[PDB]
Amino acid sequence: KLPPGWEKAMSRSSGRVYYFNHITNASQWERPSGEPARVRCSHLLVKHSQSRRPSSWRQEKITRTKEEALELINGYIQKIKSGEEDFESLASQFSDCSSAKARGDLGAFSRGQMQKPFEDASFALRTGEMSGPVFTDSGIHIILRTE
Ligand SMILES: Cc1csc(C(N)=O)c1
Ligand SMILES: Cc1csc(C(N)=O)c1
């Protein structure tokens, strides 16, 4: 029916159908459009106190809870989707990954290199597409597939 990971859902607040991807946690009103050796992705990471290292260039000791990290991620996604902020700008300012200094760009990678939920979401995104919150042992990610 739909591309890998996508399913129909019902808006609780509006009653309109929408589409949700259970690999990428992307959600959108529009029906999804229409695998490679490598993809290229950027990401914005928000770490939390349960991260496998709760420390970053932004903060020596990351103390925010997982729930607080998710609320930050949710807010960044809202600003990206509304156009108020660009993904690259938010990643440079707020990603707890050292790749923040490269606007979140991780370069290209194959399957079997990244943490699995990140890999699966990255490969389920089409070029240009953005994930919803993706959970790994590092923290919570917004992933943007660029190639
Ligand atoms: C909403 C929510 C996200 S993480 C979380 C928890 N209890 O760790 C709750
Ligand atoms: C992919 C990447 C670019 S900068 C960086 C770092 N400095 O750790 C990671």
# chains A, B, ... in the order shown; residues from 1 in each chain; ligands from 1
call {"tool": "closest_atom_pairs", "arguments": {"of": "chain A", "to": "ligand 2", "cutoff": "10 Å", "atoms": "only C-alpha atoms and all ligand atoms", "output": "tab-separated table"}}
result
residue	atom	partner	partner_atom_place_in_ligand_line	distance
A:41	CA	ligand 2	1 (C)	9.6
A:42	CA	ligand 2	1 (C)	8.5
A:43	CA	ligand 2	1 (C)	9.7
A:57	CA	ligand 2	8 (O)	9.8
A:97	CA	ligand 2	8 (O)	7.3
A:98	CA	ligand 2	8 (O)	4.3
A:99	CA	ligand 2	9 (C)	3.9
A:100	CA	ligand 2	4 (S)	6.9
A:101	CA	ligand 2	4 (S)	5.7
A:102	CA	ligand 2	3 (C)	5.3
A:103	CA	ligand 2	3 (C)	8.4
A:104	CA	ligand 2	3 (C)	7.2
A:105	CA	ligand 2	1 (C)	5.7
A:106	CA	ligand 2	1 (C)	3.8
A:107	CA	ligand 2	1 (C)	6.0
A:108	CA	ligand 2	1 (C)	9.1
call {"tool": "closest_atom_pairs", "arguments": {"of": "chain A", "to": "ligand 1", "cutoff": "7 Å", "atoms": "only C-alpha atoms and all ligand atoms", "output": "JSON lines"}}
result
{"residue": "A:66", "atom": "CA", "partner": "ligand 1", "partner_atom_place_in_ligand_line": "4 (S)", "distance": 4.8}
{"residue": "A:67", "atom": "CA", "partner": "ligand 1", "partner_atom_place_in_ligand_line": "4 (S)", "distance": 3.8}
{"residue": "A:70", "atom": "CA", "partner": "ligand 1", "partner_atom_place_in_ligand_line": "3 (C)", "distance": 5.9}
call {"tool": "residues_around", "arguments": {"residues": "residue 19 in chain A", "least_positions_apart": "5", "cutoff": "8 Å", "atoms": "only C-alpha atoms", "output": "list in words"}}
result
residues 6, 7, 8, 9, 27, 28, 29, 30, 31 and 32 of chain A
call {"tool": "write_last_selection", "arguments": {"atoms": "N, CA and C atoms", "output": "PDB file, in the first residue's frame"}}
result
ATOM      1  N   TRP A   6       5.047   3.019   6.855  1.00  0.00           N
ATOM      2  CA  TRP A   6       3.922   3.947   6.904  1.00  0.00           C
ATOM      3  C   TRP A   6       2.589   3.247   7.155  1.00  0.00           C
ATOM      4  N   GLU A   7       1.726   3.906   7.929  1.00  0.00           N
ATOM      5  CA  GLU A   7       0.387   3.405   8.202  1.00  0.00           C
ATOM      6  C   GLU A   7      -0.572   4.581   8.292  1.00  0.00           C
ATOM      7  N   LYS A   8      -1.851   4.304   8.046  1.00  0.00           N
ATOM      8  CA  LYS A   8      -2.876   5.320   8.225  1.00  0.00           C
ATOM      9  C   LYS A   8      -3.259   5.421   9.692  1.00  0.00           C
ATOM     10  N   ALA A   9      -3.593   6.633  10.118  1.00  0.00           N
ATOM     11  CA  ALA A   9      -4.069   6.830  11.474  1.00  0.00           C
ATOM     12  C   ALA A   9      -5.170   7.876  11.433  1.00  0.00           C
ATOM     13  N   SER A  27       5.181  11.922  11.116  1.00  0.00           N
ATOM     14  CA  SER A  27       3.737  11.959  10.925  1.00  0.00           C
ATOM     15  C   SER A  27       3.383  13.163  10.069  1.00  0.00           C
ATOM     16  N   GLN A  28       2.382  12.998   9.206  1.00  0.00           N
ATOM     17  CA  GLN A  28       2.039  14.051   8.264  1.00  0.00           C
ATOM     18  C   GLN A  28       0.628  13.818   7.748  1.00  0.00           C
ATOM     19  N   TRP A  29      -0.006  14.901   7.305  1.00  0.00           N
ATOM     20  CA  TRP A  29      -1.345  14.781   6.732  1.00  0.00           C
ATOM     21  C   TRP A  29      -1.298  14.150   5.353  1.00  0.00           C
ATOM     22  N   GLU A  30      -0.226  14.407   4.604  1.00  0.00           N
ATOM     23  CA  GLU A  30      -0.178  14.075   3.191  1.00  0.00           C
ATOM     24  C   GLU A  30       0.248  12.625   2.988  1.00  0.00           C
ATOM     25  N   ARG A  31      -0.352  11.971   1.993  1.00  0.00           N
ATOM     26  CA  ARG A  31      -0.034  10.574   1.697  1.00  0.00           C
ATOM     27  C   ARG A  31       1.434  10.459   1.290  1.00  0.00           C
ATOM     28  N   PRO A  32       2.190   9.525   1.874  1.00  0.00           N
ATOM     29  CA  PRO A  32       3.638   9.468   1.625  1.00  0.00           C
ATOM     30  C   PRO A  32       3.967   9.205   0.162  1.00  0.00           C
TER      31      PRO A  32
END
call {"tool": "residues_around", "arguments": {"residues": "range 123-134 of chain A", "least_positions_apart": "4", "cutoff": "10 Å", "atoms": "only C-alpha atoms", "output": "ChimeraX atom specification"}}
result
/A:3-6,20-27,32-46,70-71,73-74,77,80-81,87,109-111,117-119,139-147
call {"tool": "closest_residue", "arguments": {"among": "A:2, A:14, A:48, A:136", "to": "residue 60 in chain A", "atoms": "only C-alpha atoms"}}
result
A:48
call {"tool": "select_by_dssp", "arguments": {"residues": "range 16-129 of chain A", "states": "helix (DSSP H, G or I)", "output": "ChimeraX atom specification"}}
result
/A:66-82,87-94,98-102,116-124
call {"tool": "atom_distance", "arguments": {"atom1": "CA of residue 137 in chain A", "atom2": "CA of residue 68 in chain A"}}
result
15.8 Å
call {"tool": "select_by_dssp", "arguments": {"residues": "chain A", "states": "strand (DSSP E)", "output": "ChimeraX atom specification"}}
result
/A:6-10,17-21,27-28,39-46,105-109,134-135,140-145
call {"tool": "write_last_selection", "arguments": {"atoms": "N, CA and C atoms", "output": "mmCIF file, in the first residue's frame"}}
result
data_model
loop_
_atom_site.group_PDB
_atom_site.id
_atom_site.type_symbol
_atom_site.label_atom_id
_atom_site.label_comp_id
_atom_site.auth_asym_id
_atom_site.auth_seq_id
_atom_site.Cartn_x
_atom_site.Cartn_y
_atom_site.Cartn_z
ATOM 1 N N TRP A 6 5.047 3.019 6.855
ATOM 2 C CA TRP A 6 3.922 3.947 6.904
ATOM 3 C C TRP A 6 2.589 3.247 7.155
ATOM 4 N N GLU A 7 1.726 3.906 7.929
ATOM 5 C CA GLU A 7 0.387 3.405 8.202
ATOM 6 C C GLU A 7 -0.572 4.581 8.292
ATOM 7 N N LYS A 8 -1.851 4.304 8.046
ATOM 8 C CA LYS A 8 -2.876 5.320 8.225
ATOM 9 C C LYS A 8 -3.259 5.421 9.692
ATOM 10 N N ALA A 9 -3.593 6.633 10.118
ATOM 11 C CA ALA A 9 -4.069 6.830 11.474
ATOM 12 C C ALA A 9 -5.170 7.876 11.433
ATOM 13 N N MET A 10 -5.842 8.055 12.567
ATOM 14 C CA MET A 10 -6.930 9.020 12.680
ATOM 15 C C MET A 10 -6.577 10.112 13.679
ATOM 16 N N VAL A 17 -7.824 11.745 8.531
ATOM 17 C CA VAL A 17 -6.803 10.712 8.449
ATOM 18 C C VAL A 17 -5.444 11.367 8.256
ATOM 19 N N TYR A 18 -4.422 10.713 8.772
ATOM 20 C CA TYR A 18 -3.058 11.152 8.560
ATOM 21 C C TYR A 18 -2.216 9.906 8.448
ATOM 22 N N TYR A 19 -0.925 10.106 8.204
ATOM 23 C CA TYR A 19 0.007 9.017 7.974
ATOM 24 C C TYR A 19 1.120 9.087 9.002
ATOM 25 N N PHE A 20 1.446 7.934 9.581
ATOM 26 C CA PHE A 20 2.468 7.799 10.608
ATOM 27 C C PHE A 20 3.430 6.710 10.176
ATOM 28 N N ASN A 21 4.720 6.939 10.392
ATOM 29 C CA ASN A 21 5.734 5.948 10.069
ATOM 30 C C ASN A 21 6.289 5.397 11.371
ATOM 31 N N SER A 27 5.181 11.922 11.116
ATOM 32 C CA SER A 27 3.737 11.959 10.925
ATOM 33 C C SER A 27 3.383 13.163 10.069
ATOM 34 N N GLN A 28 2.382 12.998 9.206
ATOM 35 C CA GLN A 28 2.039 14.051 8.264
ATOM 36 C C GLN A 28 0.628 13.818 7.748
ATOM 37 N N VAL A 39 23.273 6.098 2.940
ATOM 38 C CA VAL A 39 22.513 7.335 3.009
ATOM 39 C C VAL A 39 23.397 8.361 3.695
ATOM 40 N N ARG A 40 23.070 9.634 3.493
ATOM 41 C CA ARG A 40 23.715 10.718 4.210
ATOM 42 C C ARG A 40 22.651 11.400 5.054
ATOM 43 N N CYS A 41 22.937 11.592 6.341
ATOM 44 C CA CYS A 41 21.975 12.201 7.246
ATOM 45 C C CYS A 41 22.638 13.244 8.124
ATOM 46 N N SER A 42 21.832 14.203 8.531
ATOM 47 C CA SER A 42 22.135 15.078 9.644
ATOM 48 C C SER A 42 21.213 14.708 10.788
ATOM 49 N N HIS A 43 21.614 15.083 11.994
ATOM 50 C CA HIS A 43 20.731 14.864 13.125
ATOM 51 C C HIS A 43 20.919 15.960 14.157
ATOM 52 N N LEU A 44 19.895 16.086 14.991
ATOM 53 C CA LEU A 44 19.899 16.903 16.188
ATOM 54 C C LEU A 44 19.653 15.938 17.326
ATOM 55 N N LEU A 45 20.592 15.875 18.255
ATOM 56 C CA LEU A 45 20.508 14.974 19.387
ATOM 57 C C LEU A 45 20.191 15.771 20.640
ATOM 58 N N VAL A 46 19.235 15.290 21.426
ATOM 59 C CA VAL A 46 19.020 15.823 22.762
ATOM 60 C C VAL A 46 19.302 14.687 23.717
ATOM 61 N N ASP A 105 25.503 17.402 10.354
ATOM 62 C CA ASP A 105 25.835 16.472 9.280
ATOM 63 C C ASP A 105 26.737 15.359 9.796
ATOM 64 N N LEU A 106 26.319 14.113 9.572
ATOM 65 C CA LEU A 106 27.114 12.945 9.927
ATOM 66 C C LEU A 106 27.856 12.359 8.741
ATOM 67 N N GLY A 107 27.635 12.886 7.541
ATOM 68 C CA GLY A 107 28.155 12.259 6.352
ATOM 69 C C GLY A 107 27.358 11.013 6.005
ATOM 70 N N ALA A 108 27.928 10.229 5.096
ATOM 71 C CA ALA A 108 27.263 9.033 4.605
ATOM 72 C C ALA A 108 27.647 7.817 5.436
ATOM 73 N N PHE A 109 26.728 6.856 5.507
ATOM 74 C CA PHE A 109 26.990 5.631 6.247
ATOM 75 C C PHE A 109 26.165 4.490 5.671
ATOM 76 N N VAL A 134 13.477 9.901 17.358
ATOM 77 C CA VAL A 134 14.045 8.561 17.243
ATOM 78 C C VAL A 134 14.900 8.314 18.477
ATOM 79 N N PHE A 135 14.610 7.231 19.188
ATOM 80 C CA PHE A 135 15.267 6.923 20.449
ATOM 81 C C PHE A 135 16.421 5.958 20.245
ATOM 82 N N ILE A 140 17.672 11.244 22.242
ATOM 83 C CA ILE A 140 16.587 11.373 21.278
ATOM 84 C C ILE A 140 17.072 12.193 20.091
ATOM 85 N N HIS A 141 16.770 11.713 18.890
ATOM 86 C CA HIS A 141 17.265 12.283 17.644
ATOM 87 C C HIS A 141 16.142 12.832 16.782
ATOM 88 N N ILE A 142 16.402 13.965 16.125
ATOM 89 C CA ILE A 142 15.726 14.323 14.889
ATOM 90 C C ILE A 142 16.693 14.067 13.746
ATOM 91 N N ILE A 143 16.267 13.273 12.762
ATOM 92 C CA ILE A 143 17.128 12.878 11.650
ATOM 93 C C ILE A 143 16.614 13.515 10.366
ATOM 94 N N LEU A 144 17.531 14.090 9.596
ATOM 95 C CA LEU A 144 17.219 14.671 8.297
ATOM 96 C C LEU A 144 18.042 13.925 7.262
ATOM 97 N N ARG A 145 17.386 13.247 6.335
ATOM 98 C CA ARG A 145 18.124 12.551 5.292
ATOM 99 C C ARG A 145 18.430 13.530 4.166
#
call {"tool": "atom_distance", "arguments": {"atom1": "CA of residue 52 in chain A", "atom2": "CA of residue 138 in chain A"}}
result
5.4 Å
call {"tool": "atom_distance", "arguments": {"atom1": "CA of residue 114 in chain A", "atom2": "CA of residue 53 in chain A"}}
result
15.9 Å
